[PDB]
Asks: 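Here it is: the structure, laid out below.
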Number of protein chains: 2
Amino acid sequence: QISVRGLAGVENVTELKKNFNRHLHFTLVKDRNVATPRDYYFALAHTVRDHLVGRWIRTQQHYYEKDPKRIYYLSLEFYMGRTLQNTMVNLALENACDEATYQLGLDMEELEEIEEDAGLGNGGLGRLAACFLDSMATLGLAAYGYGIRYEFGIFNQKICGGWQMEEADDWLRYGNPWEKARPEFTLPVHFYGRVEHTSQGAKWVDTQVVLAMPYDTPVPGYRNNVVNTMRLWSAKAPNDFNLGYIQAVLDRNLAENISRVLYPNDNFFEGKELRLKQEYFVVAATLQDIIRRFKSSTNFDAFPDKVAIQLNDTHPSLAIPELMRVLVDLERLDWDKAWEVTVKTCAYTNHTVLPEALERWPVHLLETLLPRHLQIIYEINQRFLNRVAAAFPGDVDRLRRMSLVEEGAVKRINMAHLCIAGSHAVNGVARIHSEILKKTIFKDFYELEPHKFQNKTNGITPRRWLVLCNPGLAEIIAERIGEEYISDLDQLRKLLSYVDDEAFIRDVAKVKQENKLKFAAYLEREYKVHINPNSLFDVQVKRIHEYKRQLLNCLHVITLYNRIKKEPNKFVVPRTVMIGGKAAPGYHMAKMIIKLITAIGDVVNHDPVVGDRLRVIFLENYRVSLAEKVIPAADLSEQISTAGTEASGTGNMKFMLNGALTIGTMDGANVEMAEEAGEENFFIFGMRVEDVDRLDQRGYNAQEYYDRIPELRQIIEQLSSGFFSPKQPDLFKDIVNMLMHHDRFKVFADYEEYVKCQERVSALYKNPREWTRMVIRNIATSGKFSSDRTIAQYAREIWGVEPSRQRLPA
Amino acid sequence: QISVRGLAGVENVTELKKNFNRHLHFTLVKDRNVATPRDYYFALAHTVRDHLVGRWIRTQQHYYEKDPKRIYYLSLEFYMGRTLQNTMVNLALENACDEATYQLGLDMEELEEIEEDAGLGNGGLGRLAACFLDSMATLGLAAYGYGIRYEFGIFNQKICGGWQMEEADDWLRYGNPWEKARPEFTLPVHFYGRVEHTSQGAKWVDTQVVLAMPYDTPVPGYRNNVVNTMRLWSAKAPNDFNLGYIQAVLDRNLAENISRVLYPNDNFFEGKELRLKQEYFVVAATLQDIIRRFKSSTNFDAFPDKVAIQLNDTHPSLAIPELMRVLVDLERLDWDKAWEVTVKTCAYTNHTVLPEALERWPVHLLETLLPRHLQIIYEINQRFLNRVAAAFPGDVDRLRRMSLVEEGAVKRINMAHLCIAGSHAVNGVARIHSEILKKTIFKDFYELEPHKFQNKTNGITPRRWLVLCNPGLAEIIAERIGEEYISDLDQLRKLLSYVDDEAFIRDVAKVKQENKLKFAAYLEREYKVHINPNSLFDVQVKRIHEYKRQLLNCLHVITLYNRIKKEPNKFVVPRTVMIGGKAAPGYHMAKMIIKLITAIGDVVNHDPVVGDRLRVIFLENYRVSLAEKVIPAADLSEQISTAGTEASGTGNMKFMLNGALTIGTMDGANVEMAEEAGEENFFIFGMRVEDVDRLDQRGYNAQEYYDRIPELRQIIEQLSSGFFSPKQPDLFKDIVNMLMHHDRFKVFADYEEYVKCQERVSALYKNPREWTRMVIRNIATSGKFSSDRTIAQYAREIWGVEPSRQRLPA
Ligand SMILES: Cc1cn([C@@H]2O[C@H](CO)[C@@H](O)[C@H](O)[C@H]2O)c(=O)[nH]c1=O
Ligand SMILES: Cc1cn([C@@H]2O[C@H](CO)[C@@H](O)[C@H](O)[C@H]2O)c(=O)[nH]c1=O
Ligand SMILES: Cc1cn([C@@H]2O[C@H](CO)[C@@H](O)[C@H](O)[C@H]2O)c(=O)[nH]c1=O
Ligand SMILES: Cc1cn([C@@H]2O[C@H](CO)[C@@H](O)[C@H](O)[C@H]2O)c(=O)[nH]c1=O
Ligand SMILES: *Cc1c(COP(=O)(O)O)cnc(C)c1O
Ligand SMILES: *Cc1c(COP(=O)(O)O)cnc(C)c1O
């Protein structure tokens, strides 16, 4: 059909068809008379999977032969989404499979919709790991992703009566064709017990054992025949576990609960024991696997030359003391030598400055669950503080500020401090974020070891986020500059010479319209809701959180509604406001925000006077697969976090690459995006980080804005009086109270400039040609945000390895 | 290699090899450089499995087309054992696979030892179901086995310090290549709730729902291209289950625990709630599946003409009231019509007369868990008793004796009475057992409905129990009479004309010697224990239970030991006494018996004076795979249960078919075996059922035997004084006390005749030629004990269907 989707050769199509029929028969044990669409999806999945195996086996054999330095990316989250289309894209099998299935009388798109998302993540942090795996494979790095195979991923979100309802994500119900269980590589992990100090060294004894069984999933690079591995551990009880008889067998669940479910929190630390067990479980199994592979290549001096461990936030921070435990207690290295190896091996990536999101574990928890690790952490702290004391003699407050151990009600271990002390590199995820780290929360550390601090601006993979989800745009682009940009996104800059090209301007606008039509149809198909495809698609999709300020968006929507009701026969650019995202189960304010959004829609969407000029829709169950549908259809991307709170953001990059203009604050990567495209091509508004600090020093008083802005006052009175909740007048009292008395994110402070900026957006939308030319300027300068660029920087500046675009013999 | 193992054609061997390499690559994702023996086993299993699929699909399509009457065998146990070799045997692929693997540089026998036993049963009852499935497929019956897919089967038995230790049987750890999950056919099962009586009919509401997911396993008939299905249900929690959030997800285990583990009791009823849930779970899911298939063929009058439900004991007895519930409550049939259909559809098989083994559920349990079923059971009882009252006016005691409801401390439901009332056929499993049923426990029922009572003597499949485990014997037999006997065991009678054939006598004896050498080697391989292959192999393998009297065997062993110590230089036929079997975890006396056996061995096996003249070995972890090894190597089969307690026995039949002579009581099938071979060719001893009754009427006093038998007295004094337990003098006080004061099984009463009979056995063993001729007379008359004969009788006399030996086009 389209160029970028590969060739549909005569031989290959014939081959695909026979293997499809083979799997349907032998693998699924069905015939065309009883097979259902799901049966067909699996037949196709196994057929495509077969094409991965050969490359997968030789890639791993290749690394064994050449023995390059290995990169281990440790993360408690891998937000993978669907795998079928992505695999076809990277193997250049899309058109061939589309043709083969077509000839078999099947619609491949219909089959792709049957696959369950691998929702092993919460949002940005988990998606970043997924994009990174893709880029590492595309750049020929010998990388391995290590995590946990959660039986239940992020919950499926249902909206009932305008409220969020959660239901288990039983994603493995029908089986996972992509994974390969490797029970032969099962490893033991220890918990509890006590420490015994003998003649030579300490010993961790009387521990409870839980087995870690690995499941391997292939990670194909883009058309380079490289297939890396993502290894996820599953918890298994030993067979002598607890060994009345029946009860002993049933109690095995206690041990296996470790890999049962993903904690649904985003940017919020919950110090639960089960979460701590998950963190140590992944770290303990992974390190044994790493050391085993290292020895199968005694000389731990070369360990840092053959191994790089990247910590995705502090979740896997226990890798530092676990590595020390193994080297000191088991391998018998002297402390100093062990510490040198550990620091040169580990690197830490920070993703937030919000205090409530930082991991600070109570000492009594570590004391009971991991007694040996607590001792090692105290020793690390002692030696670290001696260094601080020697560098800043007499600065006693610095000593208490930098300590890994926090004193107070209950003593806690600051995992971020542990990571900085035990890593040779610490990085932020966007320039402004990395600078804030050095000026605020990690200032003392930066002054002690300035060389450790770096920046690695985030990125997204252009395979899934352009070619896969927006083939139409990928096609018209390839028509002008070729296909090389797919693995070298900087080439998009060549599109600048087409900004005045009437043919291109028309094609870009046509693709957007088609995407919007397709999405508008989807909304009626699976959700039954009518929308006007000619309206401006205003969307904000991301997890629900006060710092992301979905509430500011709500204030604007209500403002637009009140303005229409005031002057009904006045023309206004039609808009479809879409907001989607999940709220953590115990995050009350976040759940109230969801209810507010649906409540607004209930009023706005049924007001005769408004007509099709304004619609407010809440996108249910936002996840990777849904993102791939709504992002290509967006006109306006809402990135309005309070300046200084969104470390980077990545959804913002996905919208920019897909033809949507951005309205946002100078926060996270928004700053670099505007810098790349030019501020004139971005809709920037609101307080800058410096402005927020000035307001805090002075004291934020929301009452002042309420008193000076009539339109704002009206909205607050509508909320308090029950205008949006007739049957429950005080339903939103908590929201009004927070906004008026304890809003940490200054929603009112950016209200005026936001509304004004939104007016400028509507003004531009009225001029199709100029709107599209600005879009072209954005797409053309989005190259810097490819995760390929990000990974190349990690490789050269942190891991010490050179990326490669060389194909492997298939 | 050998004839009965099929042809090793040039084309097929080449084909097998390429498919083996294909699976190793694509399925297991490995190469010859990293593949382990387990990897090779799986490659072979998938290769053989492929040969089953084609036949499996067409067999099921065949039944759909011809729509014959369907046979549903409901059982909570299916003791399948290994599947690889059995599949090769039934498909005539053994020699081809042996050659193909040989050419690949692999030893197939070594690979077969890697497969885990599917130990979804406890013993005889579970093994009978497995043999039956095999015979039903071989006889072309449209049969389906329905049970539960236990995550953990019968526990693995370890012997530590002479004591039984139990460990979880994690048989699915490495995956099960034979099964095929069918999540698309998942069905809901209800529990708890309450009954609501509305205008039209009652309704079961407010129930808790548990999903039943089916897993299908193919059951190949012997070389007839028929492949039936064994469908096992697995418990799954609904996704809205219990829907803090984390806890709700973890609590899903509560619902899924239903299919977690097999209750390890044998001939003993344990009224636990979880067991009741398992029983209803299998019945509820199965009946919905049956009705669904029936409708896809409104006219329930023809239901009995298209469906037959066989209840393996009372475990699935809830099928009777569940069928009534569906027909009355859901289909809206009038009670009388529904009852007619139910009775004509159901048939019940009883397997014991021991009071402690009969299921008698407390009403309060049924009341809480299955309120609607309790009501239906009371109604059934009411109408049944009205019939009894009309047939035997004024006989009030008969009414209370026959009631389904037992009064007393706590009211209970007698499930056996429920089964008789709701079934058109009730059968025992051996002639003597079926007669005892009519004269004792079911006497009142027999007098009311004599036509319902039948006998169906048990049998074993000659495929697994001869061809598979003893190819050597199968071969020399085929050499003389051909291969037809494998599916027509009665033909073995032709071997009688060879009883005086010197060549045959020599071959039979040679095969036994080779089997014994192979087993003697195995004992040193996996268990490190030296034994003399020239000694008489005396073995008793079966679950440990007081009624089976392993204790009587122990008394004989000690007697032999004391006699040797008394006259050391006197010649005695060398013996290796082997006893094996598992004890239920909470069966104290059974665990003490195991300890006694190892204790005896500890003394006997290390006494210099005894030498290699006597050895006592306890066969650890007796299971199907071990039975296939030890039975072909046995010389003497111990079947010594107290007359009237072993309903039938099946191990006895396995020994007879494999060339071992039998020493036993006139109990169960032993009676018919001796009748077939001739009492002169059997070693019968002890009390007959009539003798046991006389002793009970008079009162059994063990003291009398102790006072009159010096050798017996000596043994009891050795046990009481600590001769077999130096460090723990009173260790066996419980055993001595039971034997002397409350032995329900009269061990002492059969001691004298047993020892005398054993002397006659030793006398015959000294004459190799005559021992072997008697063996030939046994093998030649074992034809009646083929489960093919048993199933043909069930088909014609109970299910109303004709068996067929017609091949299906492959
Ligand atoms: C799961 C979760 C909870 N919370 C809040 O944490 C506060 C301090 O523990 C509580 O008082 C409040 O009720 C919670 O909704 C958040 O802010 N974000 C979150 O993701
Ligand atoms: C601590 C934390 C950060 N992040 C996000 O990680 C993304 C990838 O680095 C950033 O772009 C985004 O700004 C962050 O808020 C999450 O999603 N969950 C989290 O718990
Ligand atoms: C599991 C089990 C228990 N028991 C006995 O049941 C008796 C009555 O409940 C108990 O007093 C005794 O301690 C048990 O060992 C048996 O006989 N057979 C068995 O299979
Ligand atoms: C009640 C019951 C019977 N049986 C056996 O079933 C076999 C097959 O019918 C018989 O040969 C044998 O005599 C019985 O004791 C068991 O194994 N477990 C049991 O719980
Ligand atoms: C890209 C992505 C995110 C991150 O979006 P932000 O707006 O940066 O928070 C979260 N969820 C999904 C499903 C995503 O695809
Ligand atoms: C045949 C068999 C049984 C039944 O043996 P009996 O002596 O009749 O009780 C029990 N266990 C296994 C493993 C068997 O193969």
Side-chain angles (χ1 to χ4, degrees), chain B residues 2 4-5 78-90 94 112 117-119 121 123-139 219-223 429 457-478 483-492 495 508 511-512 515 518-519 539 541-542 580 622-635 637 639 648-662 669-670 672-673 676-677 775 778-791:
Chain B
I2 70 173
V4 296
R5 286 194 165 188
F78 282 100
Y79 210 166
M80 305 298 278
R82 290 167 178 164
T83 296
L84 182 55
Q85 202 181 341
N86 188 249
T87 303
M88 291 192 285
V89 171
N90 282 28
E94 210 163 8
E112 300 174 324
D117 274 43
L125 178 154
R127 201 331 108 171
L128 189 71
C131 285
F132 278 10
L133 291 188
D134 180 81
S135 288
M136 294 185 289
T138 294
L139 295 179
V219 182
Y222 183 72
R223 270 107 117 155
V429 290
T457 302
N458 281 169
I460 57 175
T461 174
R463 269 70 70 181
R464 181 177 296 275
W465 301 111
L466 178 55
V467 180
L468 187 161
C469 66
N470 205 346
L473 181 61
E475 188 53 32
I476 62 176
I477 291 176
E483 304 185 13
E484 242 286 62
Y485 74 94
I486 298 176
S487 60
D488 189 11
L489 211 58
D490 285 308
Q491 283 192 47
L492 288 182
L495 292 176
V508 169
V511 171
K512 178 58 63 176
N515 288 337
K518 183 177 182 176
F519 189 65
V539 358
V541 287
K542 58 222 299 121
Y622 179 62
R623 57 193 184 293
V624 175
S625 64
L626 187 58
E628 298 172 359
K629 292 184 177 58
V630 68
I631 295 180
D635 290 312
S637 170
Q639 307 298 330
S648 169
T650 51
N652 49 184
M653 301 169 190
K654 303 172 195 174
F655 281 101
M656 182 184 199
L657 184 60
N658 281 280
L661 292 184
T662 299
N670 289 1
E672 296 165 71
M673 286 166 59
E676 290 297 299
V775 164
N778 273 244
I779 296 173
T781 58
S782 64
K784 174 186 177 182
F785 306 105
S786 162
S787 48
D788 292 340
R789 181 275 306 163
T790 303
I791 290 299

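Naming: A, B, ... by sequence-line order, numbering from 1 per chain. Values below: every heavy atom of this structure, side chains too, minus hydrogens, waters and symmetry copies.
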Asks: Passes side chain to side chain contact (heavy atoms under 4.5 Å, CB included), B/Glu672 versus B/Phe785? Steps please.
Replies: CA-CA 9 Å; B/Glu672 296 165 71; B/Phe785 306 105; 4.1 Å; yes

Asks: Report yes if the side chains of B/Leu657 and B/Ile631 come closer than 4.5 Å at any heavy-atom pair, otherwise no.
Replies: no

Asks: When you compare the side chains of B/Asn458 and B/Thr650, does any donor N or O come within less than 3.5 Å of an acceptor on the partner?
Replies: no

Asks: Under a 4.5 Å cut-off applied to non-hydrogen side-chain atoms, are B/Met653 and B/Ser648 in contact?
Replies: yes

Asks: Quick check: closest heavy atoms across B/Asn652 and B/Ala669, and the distance to 0.1 Å?
Replies: OD1-CB, 3.9 Å

Asks: Who pairs with B/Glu676 by salt bridge (charged side-chain N to carboxylate O under 4.0 Å, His left out), at least two apart in sequence or on another chain?
Replies: B/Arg493

Asks: Checking B/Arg623 now: which residues fulfil salt bridge (charged side-chain N to carboxylate O under 4.0 Å, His left out) with it, not counting sequence neighbours?
Replies: none

Asks: If you define the side chain from C-beta out and look only at heavy atoms, does anything of B/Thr790 sit under 4.5 Å from B/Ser135?
Replies: no

Asks: Less than 4.0 angstrom from a charged side-chain N to a carboxylate O is my criterion; do B/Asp134 and B/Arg464 meet it?
Replies: no

Asks: Shortest non-hydrogen contact from B/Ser787 to B/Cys131?
Replies: OG-O, 3.8 Å

Asks: How many angstroms lie between atom CG of B/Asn90 and atom CZ of B/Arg223, to the nearest 0.5 angstrom?
Replies: 8.0 Å

Asks: Please step through side chain to side chain contact (heavy atoms under 4.5 Å, CB included) for the pair B/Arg82 and B/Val624, ending with a clear verdict.
Replies: CA-CA 8 Å; B/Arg82 290 167 178 164; B/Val624 175; over 6 Å; no

Asks: Would B/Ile2 and B/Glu94 satisfy side chain to side chain contact (heavy atoms under 4.5 Å, CB included), going step by step from the backbone distance to the final call?
Replies: CA-CA 10 Å; B/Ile2 70 173; B/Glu94 210 163 8; over 6 Å; no

Asks: Mind running side chain to side chain contact (heavy atoms under 4.5 Å, CB included) on B/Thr461 and B/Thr138 for me, showing each step along the way?
Replies: CA-CA 10 Å; B/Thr461 174; B/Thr138 294; over 6 Å; no

Asks: Measure the CG-CD1 distance between B/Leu466 and B/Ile486 for me, rounded to the nearest 0.5 Å.
Replies: 7.0 Å

Asks: Going from CG on B/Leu468 to CD on B/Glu628, what distance comes out if it is rounded to the nearest 0.5 angstrom?
Replies: 5.5 Å

Asks: Taking the side chain as every heavy atom from C-beta outward, state whether B/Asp788 and B/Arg463 have any atom pair closer than 4.5 Å.
Replies: yes

Asks: If you take all heavy atoms of B/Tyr622 and B/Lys542, which pair is closest and at what distance?
Replies: CE2-N, 3.9 Å

Asks: Please tell me if the side chains of B/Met673 and B/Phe655 come closer than 4.5 Å, counting only heavy atoms from C-beta onward.
Replies: no

Asks: Looking at side-chain heavy atoms only, is the closest gap between B/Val467 and B/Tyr222 below 4.5 Å?
Replies: no

Asks: State, yes or no, whether a side-chain contact exists between B/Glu475 and B/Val511 at a heavy-atom distance under 4.5 Å.
Replies: no

Asks: For the atom pair CG (B/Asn778) and CE (B/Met656), what is the distance rounded to the nearest 0.5 Å?
Replies: 4.5 Å

Asks: Locate the shortest heavy-atom distance separating B/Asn658 from B/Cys469; write the atom from each residue and the value.
Replies: OD1-SG, 4.0 Å

Asks: Side chains of B/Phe519 and B/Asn515: does their closest heavy-atom pair fall under 4.5 Å?
Replies: no

Asks: Kindly give the heavy-atom pair with the smallest separation between B/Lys784 and B/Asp490, and that separation in Å.
Replies: N-OD1, 3.9 Å

Asks: Can any side-chain N or O of B/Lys512 pair as donor or acceptor with the backbone N or O of B/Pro632 at less than 3.5 Å?
Replies: yes

